[PDB]
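K.L.:
opening with a subset of the complex:
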Amino acid sequence: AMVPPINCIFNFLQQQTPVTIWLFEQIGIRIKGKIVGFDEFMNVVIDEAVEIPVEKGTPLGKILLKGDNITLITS
Amino acid sequence: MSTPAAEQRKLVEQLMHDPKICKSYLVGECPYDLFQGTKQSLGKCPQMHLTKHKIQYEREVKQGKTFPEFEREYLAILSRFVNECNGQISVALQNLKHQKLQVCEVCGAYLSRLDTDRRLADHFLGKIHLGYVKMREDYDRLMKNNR
Amino acid sequence: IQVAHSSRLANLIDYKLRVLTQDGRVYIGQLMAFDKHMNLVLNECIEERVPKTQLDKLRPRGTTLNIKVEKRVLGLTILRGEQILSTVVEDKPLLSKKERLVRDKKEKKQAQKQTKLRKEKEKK
Amino acid sequence: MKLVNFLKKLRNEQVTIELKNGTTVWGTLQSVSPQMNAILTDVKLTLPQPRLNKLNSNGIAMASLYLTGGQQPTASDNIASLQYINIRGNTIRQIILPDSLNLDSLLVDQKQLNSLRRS
Amino acid sequence: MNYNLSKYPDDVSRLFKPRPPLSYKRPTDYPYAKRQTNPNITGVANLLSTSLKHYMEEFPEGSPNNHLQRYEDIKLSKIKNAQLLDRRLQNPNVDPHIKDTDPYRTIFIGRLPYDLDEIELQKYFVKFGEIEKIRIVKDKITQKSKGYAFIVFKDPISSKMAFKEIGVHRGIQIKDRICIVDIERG
Amino acid sequence: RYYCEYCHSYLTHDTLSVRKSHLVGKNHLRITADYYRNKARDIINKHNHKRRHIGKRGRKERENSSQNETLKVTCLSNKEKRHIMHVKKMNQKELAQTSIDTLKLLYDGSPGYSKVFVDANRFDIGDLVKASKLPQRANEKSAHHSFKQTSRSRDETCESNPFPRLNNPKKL
Amino acid sequence: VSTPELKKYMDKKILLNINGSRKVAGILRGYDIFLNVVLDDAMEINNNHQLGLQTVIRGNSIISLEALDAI
Amino acid sequence: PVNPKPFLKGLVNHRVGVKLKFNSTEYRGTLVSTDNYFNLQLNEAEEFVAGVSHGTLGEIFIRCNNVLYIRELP
Amino acid sequence: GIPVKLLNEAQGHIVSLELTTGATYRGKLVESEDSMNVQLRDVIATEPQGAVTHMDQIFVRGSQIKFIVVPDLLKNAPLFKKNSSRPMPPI
Amino acid sequence: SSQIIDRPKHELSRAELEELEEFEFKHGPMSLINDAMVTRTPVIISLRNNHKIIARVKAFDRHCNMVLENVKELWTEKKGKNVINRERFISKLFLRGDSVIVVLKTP
């Protein structure tokens, strides 16, 4: 059985499993948080978001993250 | 359909109890869906099918609170196609009765004994034969689970 | 070499082009085909590049600059249009415009004969 | 409104296309494609130095100018004078227009005016 | 090339013998991780205090957008023709000229000849019933006959057959034209 | 639509399955093989001349040619050159398919032979020869050829063939 | 448009270079038409630290995806 | 369970902070209206190239591709 | 268009392609797509700073390709012919 | 109005496409540029190569490409300690839309 990546992002939403989002480099932060809703374009909204430099980084509350930047969504 | 971004939106829009939900897709394979690709397609499935209901149903089976009248609904679907194609394979056996040919029930169509194993393997890997095979062993498995 | 003022990339089939890419590399070859995305097909295109060591002789100040240019030979390549930056024309085609016309009329004759034959053969 | 249909109207005028390298292309403009593929003819590619001594310039675009084949071998600055350049559209950053042309004749979209009269 | 992953036989696949392998040259661009446009895009607000004031002292008034003027002119002339249409619709009961007897007997005919007569079209309606009144409409600015006329007959059944005949037969033969016919509809 | 300029035939709306089925078809594959055989034959045997730009011979040149002599030209007949050019083309073809394979004959008993020379057990192209075989859908050709296949395994040790010379070999 | 031809790489270990430097190796569980890929038990090869139980990679950032198994 | 397009429709005429991907520049301001491409129009906006606030900005149109994230501010 | 169809002609022949990262790959072309995704087999892989290795198969996303070098006989392929006439397609 | 905004564009009729373009320019984010086109006020545009232009918009477009008059380009160049402010005046200019980052309407 295959799990397409829409299904994996939707399982991250449905179980609220906390994700680390690797943005693409030369920015140099990562977003930790929980996925509340995701787009067709892989925009995601994050509740209780933290940004981390590359584990002392700032909190953001709830953000909309544009999917052009995202490199990995890992748990 | 056209641009890839438009194609995904349909899938995600489809990701996001029985009045508007088909049961045959939700139990197993919807037999509307299985030979819709080939020529023997009756047509499109008239009741709506979603992936979100399939994930909810896998959640409901995994928790263990299964409800078997749904499976009785699905068995009521299977019996039509089983009896119709069983009549039709007996029509095929009557045509074969009334250059060596044999009739294969498990596709419901003609084969020859003269042809070799790899061409016959090609025919055995078909939309019609595999839709039939999932249909039939699912039917016999539901019947033996009833008995 | 002089090129016609109204010569688009569809006219310049079989001319020898000079395609420039984003990484500073020049591809030189006979043009075979092109596409909507502007990705070429070049027949005998030879890649050239300026090495980083030779490069500071290009910077603004002898009379003439002499740049040893690292060239590789590749043949019948297709480029990708995303990388192409601009194209310039280096050399005219082998055949003259009149002689190119003669060849095209000949080829039209031979092709029409062959499909006439294939039709009358499928009839019998 | 697409301004590419504005830009196609020019068709015989000395422009200066400033590309994303930093290289600027001055020349008589022939056609413009619907993806902004300018074809200029009597062009003079040049790469402006940054007037501060220590700052270098684009180095890749120096290589690109020399490799066009038109750099004058005695020349001090990076200029390359070449008949017929053809420019893929995504490269253009801005197009310096001539002083003389009247915008209020050219910017009238005939098709927008057409539908707006029709409806 | 000891082996063939292609569909062709060996002799055909030897014909597609490639060139020798490409030589290696050291790169002159940026490695893929180091590629970026400009970061440290500086802020826009510093301009707004100082540089904008020089710009406003230098160019105080913008040039007029005369290209939008033509779109607005066709829009306002559409609105103007709507207002004139409102006036012309403003100027039946006060019509008077067609205010002869009741509209049950009154047939209209249209696209009949401007250069026709009263008596020949009246006889044309008299073909299908007795005539009580007939009236051509001529333009009140200048008396070109408008090609429309109202004929009230002595009976509405005869006028119904007249409208049927003289409209349904492709518009009755006019002096030089096709005269459709129907009821008054006023 | 899809049109195969090798086969010269239109087909209905191309789906990757239908098109991929066509490109491995048998009729298509013999016609494509013929096409490139003919084009390689042409770019060998194209017999076409360079332009000859003929310069006016100097007088100082033309004295020394007057000394030497006319030299006789040998020219064959029509039938003779027909036969001899058939023969020469045949010689170039069989000299092109000639390959030297002696060193595989000489090492035929050596201890690590199967792993290097069988070419189906090699470690670089061992998987590729396995993938190269065919679908092999007509087994009637396989039953028509009644040889034994006689494959060499990789598991051979030097215990088999202890004394190679006991009538097992033939001379070079 | 058209889904990539990775039906033969399913459930096999695979090494792909994200961006130009990172190299992630995992078991391929699913793919999309953008070449998004989700692989279980990922690890980032440099010592090499594991990512997580289930990751997705945006195929915008994948260059090449060679397979470290049978196929 | 809130998706991104309803999230942006919900933030209409509400204070929001958008940070561009470049310099960690951020614009904090009230959201007037948003596109299908998520182009952003901000009113009474202030500019933060670091934590440092440089100024106040009247109305800004922020182009769709540059924004890293959009957050709702306290 | 013609260039993508030329890449489809080269299936089963040794092609060499240079990616946008700088890497070079030379191997058989097993499968190619309309998007230019290519799958090379028995591939010799040269990294940008020059190290060479051997890969059994590789799938490169076709967005990353700079150029592809196909065999040299394919200039005689029939899709380059200008004057060409079709057999009147069927229903 | 709202329903044409929510619907996917491949379904919409041709007149609905033209209607949506007018609607998004009138009541939208690009409406900002439109007001400065009509009220004839200068805008400050910040480009991707770290140049800032001050200009008036003569026309604009779906991709945010815009024809500008009285363009003034401001930029700064730095090596080490050293920094120079360079400024240039151009009369009429086309600006391709992909370079812009932020567009500000001057009060």
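P.N.:
That came through, no problem. Numbers count the residues shown, from 1 in each chain, chains lettered A, B, ... in the order given.
K.L.:
show me which residues of chain I sit near chain G.
P.N.:
I:19-21, I:23, I:31, I:33-35, I:37, I:39, I:55-61, I:64 (CB under 8 Å from any CB of the partner chain). The C-beta positions use only the backbone N, C-alpha and C, and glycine is treated the same way.
K.L.:
among these, which are in strands?
P.N.:
I:19, I:31, I:39, I:55-60 (DSSP state E).
K.L.:
just the buried residues of the residues of chain I next to chain G.
P.N.:
By neighbour count, with 16 or more other CB atoms under 10 Å in any protein chain shown, the residues of chain I next to chain G hold I:19-21, I:23, I:31, I:33, I:35, I:37, I:39, I:55-61, I:64 as buried.
K.L.:
so what's the residue in chain I that chain A sits nearest to closest to, chain neighbours aside?
P.N.:
Minimum separation of chain I from chain A (CB to the nearest CB) falls at residue I:21, amounting to 14.0 Å. Leaving out its chain neighbours, the residue that sits closest to residue I:21 by CB to CB, 6 or more residues apart in numbering or on different chains is residue E:32, at 4.4 Å.
K.L.:
ok, the residue nearest the centre of chain B - contacts?
P.N.:
By CA atoms, centre = their mean, chain B has its centre lying nearest to residue B:31, at 3.6 Å. By CB atoms under 8 Å, 6 or more residues apart in numbering or on different chains, the contact set of residue B:31 is B:24, B:77-78, B:81, B:131, B:135.
K.L.:
on the three-state scheme, residue F:3 is what?
P.N.:
Of the three states, residue F:3 takes strand under DSSP: H, G, I helix; E, B strand; the rest coil.
K.L.:
is it bridged to anything, and to what?
P.N.:
Judged by DSSP bridges, the bridge partners of residue F:3 are residue F:10.
K.L.:
tell me, how many residues neighbour it?
P.N.:
Here the number of neighbours of residue F:3 (other CB atoms under 10 Å in any protein chain shown) works out to 15.
K.L.:
with residue J:77 instead?
P.N.:
As a burial measure, residue J:77 scores 14 neighbours (other CB under 10 Å).
K.L.:
now do the buried residues in the helix or strand harbouring it.
P.N.:
Assigned by DSSP states H and E, residue J:77 falls within strand J:66-79. Residues J:66-75 are the ones in strand J:66-79 that count as buried (16+ other CB under 10 Å).
K.L.:
ok, now RNA strand K:
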RNA sequence: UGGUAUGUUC
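P.N.:
Time to bring in RNA strand K:
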């Protein structure tokens, strides 16, 4: 009302 493909029979 079709196309390509496959293999059998003669």
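K.L.:
residues in contact with the residue in chain H that chain G sits nearest to?
P.N.:
Residue of chain H nearest chain G, by CB to the nearest CB: residue H:65 (13.2 Å). Contacts for residue H:65 (CB under 8 Å, 6+ apart) come out as A:68, J:98.
K.L.:
how about the contacts made by whichever residue of chain A sits closest to chain E?
P.N.:
Using CB to the nearest CB, the closest approach of chain A to chain E is made by residue A:26 at 4.7 Å. Shown in contact with residue A:26 (CB under 8 Å, 6+ apart): E:33-34, E:36, E:39.
K.L.:
look at it and give its secondary structure.
P.N.:
Classification of residue A:26 using three-state DSSP returns coil.
K.L.:
between the contacts of residue A:26, which sits nearest chain F?
P.N.:
Nearest to chain F among the contacts of residue A:26, with distances taken as CB to the nearest CB, is residue E:33, at 32.8 Å.
K.L.:
that closest one contacts residue G:20, doesn't it?
P.N.:
Yes. Using CB atoms under 8 Å, residue E:33 is in contact with residue G:20, at 4.6 Å.
K.L.:
have a look at the two and say which one is more surrounded.
P.N.:
Neighbour totals were compared for residue E:33 and residue G:20, and residue G:20 leads with 21 against 14 (other CB under 10 Å).
K.L.:
near chain A, which residues of chain G?
P.N.:
Applying CB under 8 Å from any CB, we find that chain G lies next to chain A at G:10, G:18-19, G:21, G:24, G:29-32, G:36-38, G:42, G:51-58, G:60-61.
K.L.:
tally up the residues packed near the residue nearest to residue E:178 when sequence neighbours are not counted, please.
P.N.:
Counting by CB to CB, 6+ apart, residue E:178 lies nearest to residue E:171, which is 3.5 Å off, once chain neighbours are set aside. If you count neighbours by other CB under 10 Å, residue E:171 ends up with 17.
K.L.:
next: residue F:27.
P.N.:
10.
K.L.:
would you say it is within a helix?
P.N.:
Yes. Counting by three-state DSSP, residue F:27 is part of a helix.
K.L.:
tell me how far it lies from residue B:140.
P.N.:
Using CB to CB, to the nearest Å, residue F:27 is found at 43 Å from residue B:140.
K.L.:
quick one: contacts of the longest helix belonging to chain E?
P.N.:
The residue-count maximum for a helix in chain E (DSSP state H) belongs to helix E:66-90. Helix E:66-90 is contacted from outside by D:103-108, D:112-113, D:116-117, J:38, J:58-59, using CB under 8 Å, 6+ apart.
K.L.:
now for RNA strand L, put it on the one above:
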RNA sequence: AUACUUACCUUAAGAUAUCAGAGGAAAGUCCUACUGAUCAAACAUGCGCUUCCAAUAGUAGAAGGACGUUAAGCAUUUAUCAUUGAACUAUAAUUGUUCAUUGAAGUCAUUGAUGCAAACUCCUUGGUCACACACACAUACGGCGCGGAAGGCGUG
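P.N.:
Placing RNA strand L onto the earlier chains gives this:
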């Protein structure tokens, strides 16, 4: 070749120069082997248009190559990281130096690479055309032989 068996398919829409004027089926639509103006294409056809077209009265030369030799040319510069033991200098946990041991990777090259420059050998290409072996020219130079190549412009 026929025939039969299966297996795989059986679709993005729309358009064909523009502007103005007259006519036909108050607003717009459609059309006119209608009429103006602009544009574009083909084909003829010209310009005192512009550039280029190789010795034989000689053994040459021009343009472009070499993935050619001299050639190991001449001048610079490169060839791992961690752990442990031993001697060792020392302001020093032993920073420096040498020898051995375990582990980790590791494109080949060092006759290489890079910088500079020269000679030589050889390939492809061309009107190797005709009349001439000539005292010209300030408005600086009869551009007043036949062709060919490539563009610029004009007319039909």
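K.L.:
from the middle of its chain, how far away would whichever helix or strand comes after the strand holding residue J:77 be?
P.N.:
Past strand J:66-79, further along toward the C-terminus, the next helix or strand under DSSP H and E is strand J:82-95. Relative to its parent chain, strand J:82-95 has a centroid offset of 17 Å by CA atoms, centre = their mean, to the nearest Å.
K.L.:
for stretch F:165-172, same thing?
P.N.:
The answer for stretch F:165-172 is 32 Å, by CA atoms, centre = their mean.
K.L.:
tell me how far the ends of it are from each other?
P.N.:
13 Å (CA to CA, to the nearest Å).
K.L.:
which other residues reach that stretch?
P.N.:
Contact with stretch F:165-172 is made by F:105-106, F:108-109, F:161, as judged by CB under 8 Å, 6+ apart.
K.L.:
cool, stretch E:120-133 as well?
P.N.:
Applying CB under 8 Å, 6+ apart, the set of residues contacting stretch E:120-133 from outside is E:100-101, E:105, E:107, E:109, E:112, E:134, E:136, E:149-155, E:157-159, E:161-162, E:165-166, E:172, E:175, E:179.
K.L.:
if you count neighbours, what's buried in that stretch?
P.N.:
By neighbour count on 16+ other CB under 10 Å, the buried set for stretch E:120-133 is E:121, E:124-126, E:128-129, E:131.
K.L.:
stretch B:52-61 now?
P.N.:
Buried residues in stretch B:52-61, counted by 16+ other CB under 10 Å: B:53, B:57.
K.L.:
would it count as contacting chain G?
P.N.:
No. Against chain G, stretch B:52-61 shows no contacts by CB under 8 Å from any CB, the least distance being 14.3 Å.
K.L.:
contact residues of chain F facing chain E?
P.N.:
Chain F has residues F:23-24, F:29, F:32-33, F:36-37, F:40, F:119, F:125, F:128-129, F:131-132 near chain E, with proximity defined as CB under 8 Å from any CB.
K.L.:
tabulate these (TSV), appending secondary structure and neighbour count.
P.N.:
What follows is those, written out as TSV (DSSP: H, G, I helix; E, B strand; the rest coil; neighbours: other CB atoms under 10 Å in any protein chain shown):
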residue	secondary structure	neighbour count
F:23	helix	16
F:24	coil	10
F:29	helix	18
F:32	helix	20
F:33	helix	18
F:36	helix	20
F:37	helix	15
F:40	helix	17
F:119	coil	15
F:125	coil	16
F:128	helix	18
F:129	helix	17
F:131	helix	11
F:132	coil	13
